[PDB]
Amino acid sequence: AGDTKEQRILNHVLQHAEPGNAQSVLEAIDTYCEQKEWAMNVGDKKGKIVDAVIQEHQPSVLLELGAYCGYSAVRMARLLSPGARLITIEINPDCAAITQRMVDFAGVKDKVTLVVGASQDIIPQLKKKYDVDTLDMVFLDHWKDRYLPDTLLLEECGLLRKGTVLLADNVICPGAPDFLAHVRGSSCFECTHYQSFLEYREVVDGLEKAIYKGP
């Protein structure tokens, strides 16, 4: 179509990336967003921090909040082992449609379960509908005012265990100070900050890793 920025990001990938080649898809999205239209993909610089977290902790059951065009889903899915699952939750059904196409194009279809709906509604269904016991890792990257209540909801729903890894993008810009005060101030988390930059910009941003210690 070319009507929305999201459709234009996808079109660019369709025109320039190699199918089945996750790295190719990510480079194409990053190039377009660096050069033509800024978009809220975690991007390549903060992407390397995301990579490093996945490579250290090696999650088999991963949850992502906020899928957008599929950039981070592809980024994380490409590093996952055979049999590993990425469940990604996306509120905007038009973003979701782009994400499925992006994931299919990149060759990581079988790693990904895309769910359309609000994280606050879908999180408490994970046990009942999606075969989840507890989560290995969660990537928080949706509207920043949802970080705190969704972390509280994840805990309450029984989805965190000793060693569950939370990784939150944008804890500086646009920021999530209430979420940070909670995880850093609670003895139930061990936290690490990764200072970086907002995607495609020179504005300072950061990620926070928070490891659940158990209740």
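From 1 onward, residues are counted along the sequence shown. What we label the rigid core is the largest C-alpha set whose atoms superpose within 1.5 Å from one form to the other.
Where the structures in 8 other deposited structures of this protein are fitted on the rigid core, 26 to 34 is the one of 26 to 34 and 172 to 180 whose C-alphas sit farther from the shown form on average. Of the two segments 44 to 52 and 63 to 71, the one whose CA positions lie farther from the displayed form in 8 other deposited structures of this protein, once all are superposed on the rigid core, is 44 to 52. The stretch with the higher mean CA B factor, choosing between 2 to 10 and 204 to 212, is 2 to 10.
Two stretches are in play, 160 to 168 and 53 to 61, and the higher mean C-alpha B-factor belongs to 53 to 61.
Reading the B-factor column for the CA atoms of 89, 138, 126, 74 in the entry, the top value corresponds to 126. For residue 23, the recorded CA temperature factor ranks within the highest third of the chain's modelled residues.
In this PDB entry, residue 17 carries a Cα temperature factor that places it within the highest third of its chain's modelled residues. Looking at the C-alpha B-factors along this chain, the one for residue 150 belongs to the lowest third. In the deposited entry, the Cα temperature factor of residue 36 places it in the highest third of its chain's modelled residues. Residue 176: CA B factor in the lowest third of modelled residues in this chain (values from the PDB entry).
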